[PDB]
Every structure is written in C-alpha cells, then in structure tokens.
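A.B. asks: Any chance you can model this:
(chains A, B, C, D, E, F and G, ligands or ions: 3)
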Amino acid sequence: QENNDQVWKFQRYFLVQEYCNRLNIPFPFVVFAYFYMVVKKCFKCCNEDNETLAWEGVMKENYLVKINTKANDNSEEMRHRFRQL
Amino acid sequence: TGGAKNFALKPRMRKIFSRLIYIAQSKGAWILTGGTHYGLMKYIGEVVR
Amino acid sequence: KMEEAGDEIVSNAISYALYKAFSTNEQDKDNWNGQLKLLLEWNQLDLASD
Amino acid sequence: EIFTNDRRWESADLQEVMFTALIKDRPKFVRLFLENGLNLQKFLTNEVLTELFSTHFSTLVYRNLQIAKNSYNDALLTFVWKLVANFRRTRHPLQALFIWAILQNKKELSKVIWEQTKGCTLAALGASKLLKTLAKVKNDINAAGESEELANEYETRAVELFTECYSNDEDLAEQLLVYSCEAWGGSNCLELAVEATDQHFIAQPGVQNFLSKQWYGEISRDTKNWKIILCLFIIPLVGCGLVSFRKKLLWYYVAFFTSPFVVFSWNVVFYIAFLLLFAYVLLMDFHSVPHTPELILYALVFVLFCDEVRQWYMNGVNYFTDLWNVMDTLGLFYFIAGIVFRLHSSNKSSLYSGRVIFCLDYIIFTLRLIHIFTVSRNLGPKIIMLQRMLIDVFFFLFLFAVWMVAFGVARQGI
Amino acid sequence: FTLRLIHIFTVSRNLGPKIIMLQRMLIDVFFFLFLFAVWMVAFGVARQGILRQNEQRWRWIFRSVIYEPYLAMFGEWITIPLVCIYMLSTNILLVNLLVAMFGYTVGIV
Amino acid sequence: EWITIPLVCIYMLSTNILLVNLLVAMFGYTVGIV
Amino acid sequence: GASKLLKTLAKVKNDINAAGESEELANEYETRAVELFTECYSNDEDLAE
Ligand SMILES: CC(C)CCC[C@@H](C)[C@H]1CC[C@H]2[C@@H]3CC=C4C[C@@H](OC(=O)CCC(=O)O)CC[C@]4(C)[C@H]3CC[C@]12C
Ligand SMILES: CC(C)CCC[C@@H](C)[C@H]1CC[C@H]2[C@@H]3CC=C4C[C@@H](OC(=O)CCC(=O)O)CC[C@]4(C)[C@H]3CC[C@]12C
Ligand SMILES: CC(C)CCC[C@@H](C)[C@H]1CC[C@H]2[C@@H]3CC=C4C[C@@H](OC(=O)CCC(=O)O)CC[C@]4(C)[C@H]3CC[C@]12C
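C.D. replies: Numbers count the residues shown, from 1 in each chain, chains lettered A, B, ... in the order given. Ligands and ions are numbered 1, 2, ... in the order given. I have put the structure below:
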C-alpha cells in the first residue's frame, strides 16, 4: 500500500525514456536517417559548469541548515531556559 | 569584528551573519568592512559571493 | 542575548536598535507617522502594538 | 579549551591529527577540524590515499567486493574496482575518499565527506548504486543489510536535496539534472538513478515534469491533444497558429514534426495504413507476377526489418526477454518464408503455401497493433499490474498446452 | 428500447457507494469489446484468404470478410502455428478482460 | 441481408450490459466492507 | 469562488511551484468553507438551507 504511487511512476519513466532515446524521425523516412548514420558509422570510424556546481552547493548548504534547525525546533521544551533559571 | 586572524566558524555565528547578509540584500544596504582576506571578513566575502 | 537561538533574530535586534535610536533623538516621537512608518518597514508587530 | 581565539592556530601543521582522527573513525573531531582549519583538497595526496586504501582496508570488504565483481559486475562496479586496484597498488580525490568511507560503512564520515564534496547529488546516487549492488552480495547478512539501509538513507537525502533545488529554480535545476559525467562514474545523475532503481528519485514531480516536457519536445506543453492531431492531419494549419510553442516557419514545422508525440502518432497512423494495404493485397494478388502494391508492401516490410535490427543493436540480449518483442521478430522472419515461397512461379502448391504464410502473418501483425493499443491506453497506475498479470496468464496457457498433449496421448491410445 | 430500460434499472439499483465503480468498470468493458471486434476482422480477413481464394466482388468480399467469423461463432502444417497464434490472441484478450475487471481497484484511495 | 451488422452491434451492447452486471455482483461486497 | 479560481489556475502548468501552491491554497479555502458551512448548518436549519 505504501509504494504503489512510486512504482507506476518508475514504470512510466522507463517506458517513456526508452522510447524517447530512439530516433524521432517520421517512420516512412526513418530509413534515410539510418543510412546517414551508417556513413558516420563507417566513413568517420574508418566556468558555466563551475557556476552551476557552486549554485548546487549553495542549495546544499541551505538544505543542511534546514535539516539542522529541524531537530532543534522539534523539541517543544526549552530546557536551556529552565537550566538558566 | 574578527580583528584576530583566527575566527571561529560556529554554526550560531554563521547563521547570524547569513541572516544579516540576507537582511542587507532585502534593503539593498551597504556593508562596510576592512577587506582583509583572512578572518571573519573572509566569511563575509564568501557569503556575498 | 545568548539564550535567543531562533530564526529571524538579527532583523528583530537591528529593528529594535534603530527604533531605540529614533525614539530619544530627533523629533522625539513628535509625529506618530514617522515612528509608525519606521516600525512598519522592519515588521516589528509587538512593539507596534505596545 | 584547545580551540580558542587566544590559542592562534596555524592550520597548516594539523595534517597528522586529521589523519589520526580520520583513520580512527572520529567524525565529530573531523567536522570540528574542518570548521576552522586546513583544506581537505590540499591535504589529500596520492601517498596518503594509497596508504589508506592499502594498509587499513579490511580484507573482508575486499573479498566481498571481489565477489560482487565476479557475480554482479556493473558499469559503476567495474570502475570502482579498477579505482580500488589502482590505489591499492581531474583526479577527484574527494570522490575516492567518499568511496573509501562508504565501502567500510562509515556513516558519519561519509556524510561529512559528502557535505564537503563539490558534486553531491550525483555522488549520492552513485553511493546508493554501489551500496545496493554490494548488498546484493550476501556473505553475511549484517553488512548486507547495513549497506542497503545506508543506500536508502543516501537516496532519500538526495531526493530531498533535489526537490528543494527544483523548488528553488526551474531551468538551472533541469540543466543540472542532465549534467555530463566528470569522470566520477561515467554517467549522469539520471542514468545512475535508473541503474540503481531509485523509485523515490524518479517518482518526483520535477523529474516527471521534465520527462513530460522532453516527451513533448519544443512543441508547447498543455496545448491540448485534439489541436495537435488536427494540425498533424492538416499540415499547413499549424502555421496558422492553432498550436502554441514553448518559445521561422521552417523551424516551426521541423520542431512540430520532431516532437516524439507527433512522431508516435504518425507512426501509428502509418502502421494502420500499412495493415490496410496488407489486407488489400491479401485478397488481390496475381500468382504469376506481383504488382506494384506488393513491392510497396515489401519495401515497408524492409523498413520494419531495419527498425527491428536497430532495436536489436540498441537493446541487446535483453531485447528478447520480453515475449512480445520475440513474437514480433518471429513474425518478421516468418514473413520472409512467404516471400521466398512467392519467388517460385511454378509449383502451385508452394505458391498457395506462401499465400497462406502471408495470410497468417497478417494476424500476428494485427496482434502487435493490439498490443501497442493496450499499452497506450493503460499507461498509468494500472500498467505494472497489467504486465505482471500478463506474464502469469501465459504460464497458465503454457501449462494448459502441456496437459493437452498428455490427454491427446491417452486419447490416441484409447 | 429494452436495453435502455435495463440500464435505467441497473443505475437505479446501484445508486450508492458502488455506483462510481460500476460506471468506471462499464467503460473499461466496452473498450475490450471494441478491441475484440478489431481482432475478429483480421481473423476473418485471414480466414477469407485461407478459404475463398477466388473472389472478385466488392460487396461479397466485404460481407464475407466482415461477418463470416460471427456466423462461425453463432453456428497440413497449418495446425501448429494456428494453435500458437490462437493461444497468443487468447492471452491478449483474457488479460484485457481481467484488467477491465480490476481496473477501478488500484485507483481507489 | 443487412441485418448482420446491426444485429452484432446490439449483441455487443447487450453482452456489455450483462457482463458489467455480473462483474458488479462479483465485487459488490468489497466496496462496502469497512 | 476562490477555490474554483485557484483550481483552474493550478490546471495551468508553466511552473510547478505556483501551480502547486495555488492548488494547496484552494484546498485550504475549500476545507475552511466546509467547516464554516457545517457549523452554520448545526446552528440553524431553515436559514442555512
Ligand atoms: C481511421 C484512423 C485515421 C483514425 C485514427 C486517428 C489517429 C488520430 C488516432 C490513431 C491512433 C491514436 C493514438 C493512439 C495513442 C496515443 C498516445 C496517447 O498518449 C500517450 O502516448 C500515453 C498517455 C495516454 O494518452 O494515455 C494519446 C492519444 C494517441 C495519440 C491516440 C490518439 C489519436 C490516434 C493517433
Ligand atoms: C521446452 C519447449 C518445448 C517449451 C517452450 C515453450 C515456452 C513458452 C515455455 C517453456 C518454458 C516456460 C517458462 C518457464 C519459466 C517462466 C518464468 C515465469 O515467471 C517467473 O518465474 C518470474 C519472471 C519475472 O517475473 O521476471 C513465467 C513463465 C515462464 C516464461 C514459463 C512460461 C512458458 C515457457 C517459456
Ligand atoms: C473508427 C470507427 C470505425 C470505430 C468506432 C467504434 C468506437 C466504439 C471505438 C472507436 C474509438 C474507440 C475509443 C477510443 C478511446 C476511448 C476512451 C477510453 O477511455 C479513456 O481513455 C478515458 C476516458 C475517461 O475515463 O473519461 C475507453 C474506450 C474509448 C471510448 C474507445 C472505445 C471504442 C471507440 C469509441
């Protein structure tokens, strides 16, 4: 009962990605593409990324801060104040 | 702050300074510091970046 | 204060300090409009109510 | 006491203390040192990493990894085994240290290293994959279960990070999702998650939205299906602006026809037309000499055979795992029998037999079309059930067959 | 008209918690039925080619290719592949029917 | 002559109704069970 | 009416963030209206109808 939602989404992913990986040329002319690839298969055979990684690290820092404060905010008792008193 | 070259990166201080930088960004304020690479100003520069 | 460790504390302290500075100095709360605007800008509900 | 402002720290000669704490599995002390001290990138060196991998690596884990390679070899597992062998004898020392921590199951140390890692989500997915494939190996249940639990924890952590990032930004998050490998594992985050079968990561609103957008391509999403189909049937009309676009007439038409949705619709329509032509030819054909429509049917069959060969090349032996792909290939080869039989003008028995081969192959082509229809309609929560149910049914059918024979045997004797 | 009366009866009796299931189930069934139809034609087509090789009439061909299998149901080496394809088609139709039977259960929350 | 097509259509319709009635009768209790 | 408007806006999907936030707000408003109407119905019968 718990895992039904994710399993079918996983299956939908697998089918959609598998079909998308295939060429998207109209079927009647698809052959042409293959022929072209064959040439490439025979004739040929014979900063920004750092910025994105830094942004991802910033989001990681935010997530770490959030998870760290979640544990502190979970407690509904302020034992520090009682100890100070 | 952080006159000594050694600065403690405590979670409380880091969170406080991040909140301060966020507040400054919200109002578009001017942050005046010393500009030295070593110390608390390094944390300020990293948070600005 | 050391005890205060919750979120959104720097803004509250800065707003309180600015309000204290504006209270005694200048017009000395001569016009309520200016103090109300200053307090509204930083969203300090408790001081505004009190 | 020791860490204080008064006691100024050079933070350059602390390498030995970090090494001792690291080897003795002291995660809190490692975090404290990293809070204010050296740089993990600078400290790491080839000699230190080699010593860590050689002297202090437990033999039990090495044997488990060798068994994993021998039995459950994978694209990432072979790479990690090569890395381990190289170090035992774009450097990415952080990734190597993270893998070293993971293999010995140092949860807190691995967490700290991941926090310090430049690329986190990809590293988390790779860790999940490696831990799951190690858990598949079963020499002792304790480690096999602990590794699986750690893999699940890392997978859910990556899921949380990625969903938070997706909430933050849209285009940058999508761009990062498909970031090319930096020699970490030779694959991106998406394929790495696919191999490890991370249901939670794939079962995410952002990933599903990205997949839908890709499945539409450059054509506007949520433009409604009936408009798309009407434009497909009336090609000039899409130039009139009936169908919007995500973001020049030649570009518009090329994008419209390159969308995999429109491609699939066109393929289905063309298959229906081919089946209709097959039906027409079946009842209208001259034994002595075939006509042009028969040659057109032959050309279309050749195109289908080329597509089948492409599918074979792309998929491999796993292609034949599904019974329906096997049936399609068998029918395509079966059609060649009728083609050969038609090659003989004389031997009217052979001509009739070949006609019967074509006649029977038409039915299996119809069944293939029926299967594509059934899959298309049930592409939702029911889909898994369907496929599972399907296989079960076939077994029973097979069982039924192996009973009939016996009965027939007995009947014969009677 | 009798079928319409039957439908009003069925709706009247099941106007309760089951109603949604009913309607959902109903549509599923029809699809399978439609599917079944689009199979018969093909079979009939093949059957025609097997039996009435010589036929050159539009209307006669149309009738024989459409409603010969329905009449049949109402009433050398081929055997092995024929039974194999029969098993395959029966598999498809049976799984379609069974899916239609449990269609609503998975979606129910 | 022409009866065959409408006859089979109505046969399909009636079979649909009867089959859905039977199937509903089969799962009738499941939904109501608490 | 707010529930209707927010739901029909959520049907539109240009960015998932707003599309989901609007749907959540619509659900919250719908349940608030449900609570108000059931309380009112408990209060009076004919006037509520
Ligand atoms: C006599 C002939 C010309 C009528 C057929 C007209 C076409 C418009 C029909 C034939 C096959 C149909 C398609 C079969 C499969 C799909 C994909 C389907 O979407 C999916 O791929 C999966 C999700 C889902 O819709 O359930 C939406 C309808 C579509 C285009 C169907 C709608 C219209 C199509 C292309
Ligand atoms: C030896 C020759 C003459 C018989 C060939 C006919 C086949 C159709 C029979 C032979 C062995 C049978 C199979 C033996 C094992 C299995 C796997 C079984 O499913 C599973 O056990 C788990 C598979 C999964 O879920 O991944 C379903 C039936 C199948 C294909 C059986 C169904 C029909 C098979 C392929
Ligand atoms: C082209 C001519 C010769 C065939 C006309 C016979 C119809 C009875 C066929 C043609 C298209 C078929 C439909 C294609 C799509 C659908 C929707 C499908 O249900 C859904 O996909 C979701 C609908 C919903 O739940 O609201 C059920 C079958 C139905 C009506 C199919 C069943 C039977 C239909 C109407």
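A.B. asks: Just the element for the residue sitting nearest the centre point of chain E, please.
C.D. replies: By CA atoms, centre = their mean, chain E has its centre lying nearest to residue E:36, at 2.5 Å. When elements are assigned from DSSP states H and E, residue E:36 belongs to helix E:19-51.
A.B. asks: how far off helix F:4-26 does that helix point, in degrees?
C.D. replies: In terms of direction (axes from the mean of the first three to the mean of the last three CA atoms, to 10 degrees), helix E:19-51 departs from helix F:4-26 by 140 degrees.
A.B. asks: For the following helix or strand past helix E:19-51, buried residues please.
C.D. replies: Counting by DSSP H and E, the element after helix E:19-51 in chain order, helix or strand, is helix E:58-74. Judged by neighbour count (16 or more other CB atoms under 10 Å in any protein chain shown), helix E:58-74 contains these buried residues: E:64, E:65, E:66, E:67, E:68, E:69, E:70. Quick note: C-beta positions are derived from backbone N, CA and C, even for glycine.
A.B. asks: Is chain B within reach of the longest helix along chain C?
C.D. replies: With residue count as the measure and DSSP state H as the assignment, chain C has helix C:10-24 as its longest helix. Yes. Residues of helix C:10-24 contacting chain B under CB under 8 Å from any CB of the partner chain: C:10, C:11, C:14.
A.B. asks: related to what we said a few turns ago, say whether ligand 3 is contacted by the helix holding residue E:36.
C.D. replies: Yes. Against ligand 3, helix E:19-51 shows contacts by CB under 6 Å from any ligand atom at E:27, E:30, E:31, E:34.
A.B. asks: what's around the third one, how many residues?
C.D. replies: If I follow you right, that is residue E:31. 17 (other CB atoms under 10 Å in any protein chain shown).
A.B. asks: Now for it: which residues touch it?
C.D. replies: With contacts defined as CB atoms under 8 Å, 6 or more residues apart in numbering or on different chains, residue E:31 is in contact with D:377, E:96, E:100.
A.B. asks: Go through those residues and name the one nearest residue D:409.
C.D. replies: Residue D:409 lies nearest to residue E:96 out of the contacts of residue E:31, by CB to CB, at 33.1 Å.
A.B. asks: doesn't residue E:32 make contact with that closest one?
C.D. replies: Yes. Between residue E:96 and residue E:32 there is a contact under CB atoms under 8 Å: 4.6 Å.
A.B. asks: Tell me which of the two has more neighbours.
C.D. replies: residue E:96 (24 against 21).
A.B. asks: Against residue D:96, how distant is the more buried one?
C.D. replies: With distances taken as CB to CB, to the nearest Å, residue E:96 is found 53 Å from residue D:96.
A.B. asks: ok, now residue D:332?
C.D. replies: From residue D:332 to residue D:96 the distance is 49 Å (CB to CB).
A.B. asks: One more: residue A:19?
C.D. replies: From residue A:19 to residue D:96 the distance is 37 Å (CB to CB).
A.B. asks: So which of the two has more stuff around it?
C.D. replies: Legend: neighbour count by other CB under 10 Å for residue A:19 and residue D:96, higher for residue D:96 (20 against 13).
A.B. asks: give me the number of residues near the residue of chain C found nearest chain F?
C.D. replies: Going by CB to the nearest CB, chain F is nearest to residue C:7 of chain C, at 44.5 Å. Counted with other CB under 10 Å, the neighbours of residue C:7 add up to 12.
A.B. asks: three-state assignment of it?
C.D. replies: coil (DSSP: H, G, I helix; E, B strand; the rest coil).
A.B. asks: OK, contacts around it?
C.D. replies: Residue C:7 neighbours (CB under 8 Å, 6+ apart): A:69, B:19.
A.B. asks: For the residue in the stretch 51-200 of chain D positioned nearest to chain F, which non-adjacent residue is closest in space?
C.D. replies: Closest approach of the stretch 51-200 of chain D to chain F (CB to the nearest CB) occurs at residue D:199, with a separation of 27.8 Å. Sequence neighbours aside, residue A:6 is the residue nearest to residue D:199 in space, at 4.1 Å (criterion: CB to CB, 6 or more residues apart in numbering or on different chains).
A.B. asks: Tell me how far the one you found lies from residue D:198.
C.D. replies: Applying CB to CB to residue A:6 and residue D:198 gives a distance of 9 Å.
A.B. asks: who has more neighbours, those two?
C.D. replies: Between residue A:6 and residue D:198, counted using other CB under 10 Å, the more crowded position is residue D:198 (27 against 16).
A.B. asks: if we can go back for a sec, which of the contacts of residue E:31 come close to ligand 3?
C.D. replies: Okay, of the contacts of residue E:31 touching ligand 3 (CB under 6 Å from any ligand atom), that's residue D:377.
A.B. asks: so of the contacts of residue E:31, which ones are in helices?
C.D. replies: Using DSSP H, the contacts of residue E:31 in helices are D:377, E:96, E:100.
A.B. asks: okay, the residues of helix E:19-51 next to ligand 3 in JSON lines with distance to residue B:48 next?
C.D. replies: Listed next are those as JSON lines, based on distance: CB to CB, whole Å:
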{"residue": "E:27", "distance to residue B:48": "61"}
{"residue": "E:30", "distance to residue B:48": "65"}
{"residue": "E:31", "distance to residue B:48": "62"}
{"residue": "E:34", "distance to residue B:48": "66"}
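A.B. asks: Got a PyMOL select line for the buried ones in those?
C.D. replies: Applying 16+ other CB under 10 Å to these, the buried members can be selected in PyMOL as follows:
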select buried, chain E and resi 31
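A.B. asks: With respect to residue C:2, which of the residues of helix E:19-51 next to ligand 3 is nearest?
C.D. replies: residue E:27 (67.2 Å).
A.B. asks: What separation do you get for that closest one and residue A:3?
C.D. replies: In terms of CB to CB, residue E:27 sits 28 Å off from residue A:3.
A.B. asks: Now for the chain: which helix has the highest residue count?
C.D. replies: I'll assume chain A. helix A:48-74.
A.B. asks: nope, chain B please
C.D. replies: helix B:11-27.
A.B. asks: so it versus helix C:10-24, what angle?
C.D. replies: Using the same axes, to 10 degrees: helix B:11-27 against helix C:10-24 is 60 degrees.
A.B. asks: And the following helix or strand past helix B:11-27, what's buried?
C.D. replies: Using DSSP H and E, the helix or strand that follows helix B:11-27 in sequence is helix B:40-48. Residues B:40, B:41, B:43, B:44 are the ones in helix B:40-48 that count as buried (16+ other CB under 10 Å).
A.B. asks: how about those residues in CSV, adding distance to residue D:139?
C.D. replies: Listed next are the buried residues of helix B:40-48 as CSV, based on distance: CB to CB, whole Å:
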residue, distance to residue D:139
B:40, 52
B:41, 54
B:43, 48
B:44, 53
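A.B. asks: So which of these is the closest to residue D:347?
C.D. replies: residue B:43 (91.8 Å).
A.B. asks: Need the nearest residue in space to that closest one, chain neighbours excluded.
C.D. replies: Counting by CB to CB, 6+ apart, the residue nearest residue B:43 is residue B:17, at 6.3 Å.
A.B. asks: can you list the residues of chain B near chain C?
C.D. replies: So chain B meets chain C at B:12, B:16, B:19, B:20, B:23 (CB under 8 Å from any CB).
A.B. asks: Which single residue in chain A comes nearest to ligand 3?
C.D. replies: residue A:12 (15.7 Å; CB to the nearest ligand atom).
A.B. asks: And for that residue, the neighbour number?
C.D. replies: 20.
A.B. asks: Then the one 3 residues further on?
C.D. replies: A total of 13 residues lie near residue A:15 under the criterion other CB under 10 Å.
A.B. asks: again with residue E:109
C.D. replies: Going by other CB under 10 Å, the residues that sit close to residue E:109 add up to 2.
A.B. asks: ok so it is a helix residue?
C.D. replies: No. The assignment for residue E:109 is coil, going by three-state DSSP, so no helix is present there.
A.B. asks: so what's it up against?
C.D. replies: No residues are in contact with residue E:109 under the rule CB under 8 Å, 6+ apart.
A.B. asks: quick revisit: among the buried residues of helix B:40-48, pick out the one closest to residue D:24, please.
C.D. replies: residue B:43 (29.9 Å).
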